[PDB]
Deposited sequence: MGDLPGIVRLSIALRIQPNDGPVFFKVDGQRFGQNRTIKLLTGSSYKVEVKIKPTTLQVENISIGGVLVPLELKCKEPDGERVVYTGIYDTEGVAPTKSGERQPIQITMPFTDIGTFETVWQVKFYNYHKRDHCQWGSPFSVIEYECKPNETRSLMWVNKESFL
């Protein structure tokens, strides 16, 4: 419908392009591996939208426009998310990490994931649970509640 942005985010662990899983804590915790890397696949509509990248916990993931969604109506952007240098989660089974994705001249998508970062050599602790193919978001750049960018303030 007019003014609805739909975006899905998928992660596939390298080198096998395998699935990513969540666990329930208290409430969905995404299980991610440190010292590793992920294919990131972003599917957007409308197809007139332009994304340049996605940032995950402060890590920049440059996105490249790839093609039209096989068997679908979105456009597909992919990049590689590098988790080399990310600290494993030390306590409390999860931690919040910031997701940020700018759409040029439309607005910015932000959300918080709950994540457990696993030590590289505990990949067998990480790669199991409930696999999810994507996280699907419905976004409204002109919702009443969408915070407008304040470009300037002037006392007159």
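Asker: Going from the first residue of the deposited sequence to the last, where are the unmodelled runs?
Answerer: Seq positions lacking coordinates: 1-3, 30-34.
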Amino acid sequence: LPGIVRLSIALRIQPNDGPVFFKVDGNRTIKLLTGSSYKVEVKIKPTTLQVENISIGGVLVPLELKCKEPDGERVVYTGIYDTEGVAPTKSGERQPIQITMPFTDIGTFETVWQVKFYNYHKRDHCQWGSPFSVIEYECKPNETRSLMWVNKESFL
From here on, numbers count along this sequence of modelled residues.
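Asker: With respect to the recorded C-alpha B factors, which stretch has the higher mean value, 53-61 or 116-124?
Answerer: If you average the C-alpha B-factors of 53-61 and of 116-124, the larger mean comes out for 53-61.
Asker: Going by the mean C-alpha B-factor recorded in the entry, which is higher: 69-77 or 82-90?
Answerer: Between 69-77 and 82-90, it is 69-77.
Asker: Quick one: which of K43, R28, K39, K31 has the biggest Cα B-factor according to the entry?
Answerer: Highest CA B-factor of the listed options: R28.
Asker: In terms of the CA temperature factor given in the entry, to which third of its chain does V5 belong: lowest, middle or highest?
Answerer: Tercile = middle for this residue's CA B-factor.
Asker: Tell me, lowest, middle or highest third: where does the Cα B factor of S133 rank within its chain?
Answerer: Highest third.
Asker: Ordered by C-alpha B-factor within the chain, which third holds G107? Give me lowest, middle or highest, please.
Answerer: It falls in the middle third of the chain.
Asker: Where does the C-alpha B-factor of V24 rank in its chain, lowest, middle or highest third?
Answerer: Ranked within chain, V24 CA B lands in the highest tercile.
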